Amino acid sequence: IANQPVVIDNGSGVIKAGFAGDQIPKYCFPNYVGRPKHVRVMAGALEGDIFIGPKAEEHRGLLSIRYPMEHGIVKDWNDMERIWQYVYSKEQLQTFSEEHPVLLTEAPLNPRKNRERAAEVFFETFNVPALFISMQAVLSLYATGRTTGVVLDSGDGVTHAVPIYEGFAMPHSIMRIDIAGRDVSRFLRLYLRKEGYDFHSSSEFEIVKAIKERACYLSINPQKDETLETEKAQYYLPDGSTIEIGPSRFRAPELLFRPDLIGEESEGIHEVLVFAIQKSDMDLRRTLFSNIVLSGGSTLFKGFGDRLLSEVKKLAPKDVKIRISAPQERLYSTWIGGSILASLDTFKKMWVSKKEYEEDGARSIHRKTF
Amino acid sequence: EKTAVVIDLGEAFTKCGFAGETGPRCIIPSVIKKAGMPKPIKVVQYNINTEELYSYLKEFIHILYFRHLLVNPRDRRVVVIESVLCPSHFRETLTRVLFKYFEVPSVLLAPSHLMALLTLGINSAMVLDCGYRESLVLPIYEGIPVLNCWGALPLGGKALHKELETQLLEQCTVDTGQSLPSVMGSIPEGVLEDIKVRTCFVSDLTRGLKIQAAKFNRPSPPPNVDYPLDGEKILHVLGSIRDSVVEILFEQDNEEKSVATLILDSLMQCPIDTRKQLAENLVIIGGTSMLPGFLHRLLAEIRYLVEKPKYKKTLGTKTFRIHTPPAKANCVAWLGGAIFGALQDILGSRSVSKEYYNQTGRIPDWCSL
Amino acid sequence: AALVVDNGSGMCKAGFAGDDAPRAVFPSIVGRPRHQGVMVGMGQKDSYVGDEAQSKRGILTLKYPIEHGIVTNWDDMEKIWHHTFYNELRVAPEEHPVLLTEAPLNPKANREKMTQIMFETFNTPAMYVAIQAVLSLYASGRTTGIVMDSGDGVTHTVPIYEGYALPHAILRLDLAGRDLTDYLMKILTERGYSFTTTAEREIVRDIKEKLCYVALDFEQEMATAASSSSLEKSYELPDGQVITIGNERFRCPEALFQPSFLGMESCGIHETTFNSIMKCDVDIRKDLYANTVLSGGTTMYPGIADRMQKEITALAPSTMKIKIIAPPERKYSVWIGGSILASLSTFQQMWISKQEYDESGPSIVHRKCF
């Protein structure tokens, strides 16, 4: 049974789906479940109360949103099952889970229990013939066409840097942080309390994400921007009222380079990129600096790459040719690589079949991934 | 030598007096009385013209120091107890009014939760300040406030006022001058504060659950008493209404949020070593906490939320003790600032002076550089 | 009269000469707090040291000054010495002489800088730097025997015969307790117990001290772990939360015997000791096999002496009688040796003096050491 396999690119902020051998994912929507605030008398079997995808984006004010995933690790499993069911249902894909093999994605160094429970869902609740879980860094390199290079990525959940050199992923050189787009949105909300424009609800939290996406820029010199007085630029809400953003727009993404403003110790994006290159062997470091790949949504800030160069120039050895490459489609880079990986003839060998899972179990899935 | 000034600004009320005295000298409300004006305007406001705010602050400070302090603050220091997350725009305006107009020797913009912790005399504590506008949480561990662990729902005094205005308008019973419901569209805030202080009886956990069950498909409705009002229009306010207004403060469903849940979310964000000391020392301050029979309903609701499966996997068994302060619940933040200012002429040096303000530009807020 | 100060990378141990055990025992940490613009109440210390940093762990950035037995930050090491002398011991360094310890095959500049700080800053009357293995052998009582010393900084071996150290047969090893603690912390993250910050580094260290033990046979222990759940113990944290791990008890200290897990590409502690003995002269191997001394905290795992006996016998010829000297007080063996060395009358003529340091400089220590 070798049908056209489905590529479900997972993620805490956004989830993407479609088919193998395609240019761009046709079906992209944010990964959350929406429930009405003023719920009905019964607290068990709800009816007409679940919205996933564009319905939930349309009706924000009614629904109390909640993300099932946190830092690339699902907390609420029933919500992720409903989202996966919505992906497969007639509202998005219009195909059965029984026909096609599956290509799932996960962040590196996650809990194995969640990976096993993910496989349990795909094999038993849905009746998948074959499943394969893969890394985000390996997929990004497939999309670009390269074999060598570091893959710095910054989604909504996880920021991690995995150095790979001519098809050799280094496990001990991996760096990982719990500082990402969701956290950047949380501190922009914190800073907009200091501006005056307070936000509280989960639907109202998505306004802070929209402000982050549109009106934020990373300064080269943060001390110089602080000494200067900001202009206080404006932004219109979906309601109508104007908001003077002020210094919160530039101080919000500074987080990713300075996590001391949190009150929780993290490496940061710039250190993780350097540390991943440093932890690898001596001869591989110069090739890893030359081939630096960006990915995820939190790399799309204005003057992000210019700052990420300047931090590398500060930390890295002097007189070395740095090159932070970045594709046009940075958000979709991981899905494109999965579609390319799925289209290749080797894909049949890598996956975990349903029969092999029934015989062995979780051990066979752990062996095939690494 | 010189007893410093203490101020604790806010939207509803303003605690003010001398440093060293056990409790403030007076507490005039935040509003001001203007000649040729229908209604009294509030002083503490956000998102509004700079020059207007500056004039409003001068007007409030002028009526304050004569009546409260009976002195020129030009002789000695000041402690302006701003609540943390009070807008930087508003702080800059306060800094301008204190230095440019009046010309004080020194000022201080210190946080409310850390000073409220100085009253208890312990270095580590989870703190909750239920004021007028917001109900802010902030855990402190060994002096330093843990900032990213926080929470503040729009669920303080102003939310209770809005709910009282809604529920009274839906079910109204005014006397003649009987029937005639919904004659007046709105009602004044000062009267509605006096109703909250006197009438509103806070329910228990079991009573609250019974009220929530009744709202979505009636037990213990009494007691009910009328409220007198001016112009010969007494209104027969009910007993089930005031209990229903108090209930929305602890309403969990469909937001996953309440006054009780906000402490648990703050505890969730905090690290593992810090966790147990914050749970042991849970301080409750602010205006809404002065309500009668509030601390039980909170502590019982806190415990009920810990028993739920979602918080068992992280928190589990925890000894939630509520160490109460010496002064009253509203006036804990002020007493801390009075302790901070009176005793230490040394810790007055760390605060910003007039010499430093003119050349530099502004008092340093918790920000970059 | 004289003070002994074993400057360990983990636990800094110190006390007086001619004593049973040290008085001052604490972790060599210097926790600096979360620097935010918000104020702090009723005063506090800018940089904590020792047990104070361990008590108030949740906030402070715990940075060790010594990394692999190498002092990285010297201002941090100077604060810990100051904390040892004035606060803990309650005695000035000007009156008492000071015995110090470093691991063998260390950088030559580190002794010179250590000695400069003692004479210039601290104004010591007399000082000495000894090898840790030489003191560990001297605490045990024997003149002859190899010492497999292993702390959190550095594992190393020093073969000695009839009071004659063999400096060229010494073999320093990069594997140590800190690398085992980091490995345990990673495999904890693999089974859904994520510990990122440096406050949790001490909790996983404390888990490593309690639960973990050396396996007699690794493949057998892996097979029994899959079958039964009796080996799976539970450890409660400082927080009321309690966690259970099955595989990770025996798997953590196995990294000593299989460095391939950590990604070091080095010899294991079992065969590093063998390779040290083979580098010695052929006539004096029997006595080194007989007196295979252990010392340090990384040799305090239950059943490590049994595993060393199995592996060394497997490496060596069948005719040899292998024997591991594993005392009850091997955790504090380096300091006990320094106390006995300080107590002897022969050591009074072996000290460096202030006048000799002023004549020569820092380079005099290399002559005095060995």
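In terms of determination method and resolution, the entry is listed under cryo-EM at 8.7 Å.

Looking at this model, I keep getting lost on the interface of chain A and chain B. Mind explaining?
Interfaces are frequently sized by the accessible area removed from exposure as the parts join. With 29 residues of chain A at the contact, the number on the chain B side is 23 residues. When contributions to the side of chain A that touches chain B are tallied by element, the ones reaching two or more residues are β5 (63-66), α5 (181-195), α7 (222-227) and α8 (248-251) of chain A. Looking at which element gives the most residues to the side of chain A that touches chain B, the answer is α5 of chain A, with 7 residues. Class assignment of the residues belonging to the side of chain A that touches chain B gives a composition of 9 nonpolar, 8 polar and 12 charged.

I tried to follow the side chain of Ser97 of chain A on my own but got confused; where do I start?
All names here are of chain A. By secondary structure assignment, the location of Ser97 is in the loop between α2 (77-88) and β6 (102-105). Classification of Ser97 as buried rests on a relative accessible area of 12%. Sequence-distant contacts of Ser97, that is, excluding residues within four places in its chain, are made with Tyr88, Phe126, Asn127, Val128 and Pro129.

Mind showing me how you'd approach the packing of aromatic side chains here?
Each aromatic ring pair is characterised by the separation of its centres together with the angle its planes make. Scanning all chains against the criterion turns up 25 aromatic pairs over all chains. With centroids separated by 6.2 Å and ring planes inclined at 45 degrees, the aromatic side chains of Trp77 of chain A and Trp84 of chain A adopt a geometry described as tilted. Given a relative accessible area of 16%, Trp77 of chain A falls into the buried group. Seen in terms of ring centroids, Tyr65 of chain B and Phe102 of chain B are 5.2 Å apart; in terms of plane orientation they differ by 70 degrees. Their pairing is edge-to-face. With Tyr65 of chain B in helix α1 (residues 50-67) and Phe102 of chain B in helix α2 (residues 88-102), this pair connects stretches of sequence that are 37 residues apart. Here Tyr65 of chain B and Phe102 of chain B have matching classes, each one buried.

Would you mind showing me how to read the nonpolar core here?
It is characteristic of soluble globular proteins that their nonpolar side chains tend to be buried jointly. In terms of nonpolar packing, the biggest core is built from 85 residues, with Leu190, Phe199, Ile211, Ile292, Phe304 and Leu308 of chain A together with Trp366 of chain B touching the most fellow members. Among the nonpolar cores identified, the runner-up in size contains 45 residues, and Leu166, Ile277, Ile284 and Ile312 of chain C belong to it.

I'm lost on the pattern of salt bridges in this one. Help?
Taken as a whole, this structure holds 44 salt bridges over all chains when the rule is applied. Two residues, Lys2 of chain B and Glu1 of chain B, come together in a salt bridge whose shortest N-O distance is 3.9 Å. Take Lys2 of chain B: its relative accessible area is 37%, and that puts it in the partly exposed class. You can call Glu1 of chain B exposed: its relative accessible area is 91%. Note that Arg307 of chain C is salt-bridged to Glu311 of chain C, the shortest N-O span being 3.3 Å. Of this pair, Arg307 of chain C and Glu311 of chain C both sit in helix α12 (residues 304-315), separated by 4 residues, roughly a single helical turn. For the pair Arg307 of chain C and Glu311 of chain C, one class covers both residues: buried. Residues joined by salt bridges that share partners form a network here, namely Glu254, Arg307, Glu311 and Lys314 of chain A.

What is the right way to look at the pairing of strand β13 (residues 292-295) of chain A in this model?
Taken residue by residue, a regular strand's side chains alternate between the two faces of the sheet. All names here are of chain A. In β13, alternate side chains face the same way, and those of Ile292 and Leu294 on one face and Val293 and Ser295 on the other are all buried. Across 2 bridges, the pairing between β13 and strand β14 (residues 324-325) is parallel. Counterpart to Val293 in the pairing with β14 is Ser325.

Explain the environment of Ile322 of chain B to me, please; I cannot follow it from the model alone.
Residue and element names in this part refer to chain B. With respect to the helices and strands, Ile322 occurs in the loop between α11 (309-312) and α12 (332-343). Along the backbone, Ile322 and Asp265 are 57 residues apart, and their C-alpha atoms lie at a distance of 18 Å. Not counting chain neighbours up to four residues away, the residues in contact with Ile322 comprise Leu282, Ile284, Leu295 and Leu299.

How should the sheet that holds β13 of chain A be read in this particular structure?
Sheet strands pair via backbone hydrogen bonds, and the direction of the pair is either parallel or antiparallel. All names here are of chain A. Strand order across the open sheet formed by 5 strands is β10-β9-β8-β13-β14, with mixed pairing between neighbours. The sheet terminates laterally at β10 (175-177) and β14, the two strands that pair on one side only. With 3 bridges joining them, strand β9 (residues 159-164) and β10 adopt antiparallel strand pairing. Within the sheet, the bridge partner assigned to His160 lies in β10 and is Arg176. Lying on the sheet, helix α4 (residues 136-144) is in contact with β8 (149-154), β9 and β13; it crosses β9 at an angle near 60 degrees.

Looking at this structure, how should I read the environment of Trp366 of chain B?
Examined against the element boundaries, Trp366 of chain B turns out to sit in the segment after α13 (354-360). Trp366 of chain B gets classed as buried once you look at its relative accessible area, which sits at 11%. If we skip the residues at most four places from it in the chain, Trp366 of chain B touches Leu190, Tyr191 and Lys194 of chain A, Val84, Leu85 and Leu147 of chain B together with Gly37 and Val38 of chain C.

Cut-offs applied
- Residues numbered from 1 in each chain as written, not as in the entry; some residues may be left out.
- Chains lettered and ligands numbered in written order.
- Part of a larger assembly, values for the part shown.
- Heavy atoms only, no water.
- Residues with missing side-chain atoms left out of burial classes, pairs and counts.
- Contact = heavy atoms within 4.5 Å.
- Helix = DSSP H or I, 4+ residues; strand = E, 2+ residues; numbered from the N terminus.
- Nonpolar A, V, L, I, M, F, W, Y, C, P; charged D, E, K, R; others polar.
- Buried < 20%, exposed > 50% of the residue type's maximum accessible area, 1.4 Å probe, protein only.
- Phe/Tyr/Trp six-rings, centres within 6.5 Å; stacked < 30°, edge-to-face > 60°.
- Core = buried A, V, L, I, M, F, W, Y, C linked by side-chain atoms within 4.5 Å.
- Salt bridge = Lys/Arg side-chain N within 4 Å of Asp/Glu carboxyl O.
- Pairing = 2+ DSSP bridges.
- Axes fitted to C-alpha atoms, helices over the stretch in contact; angles between N-to-C directions.

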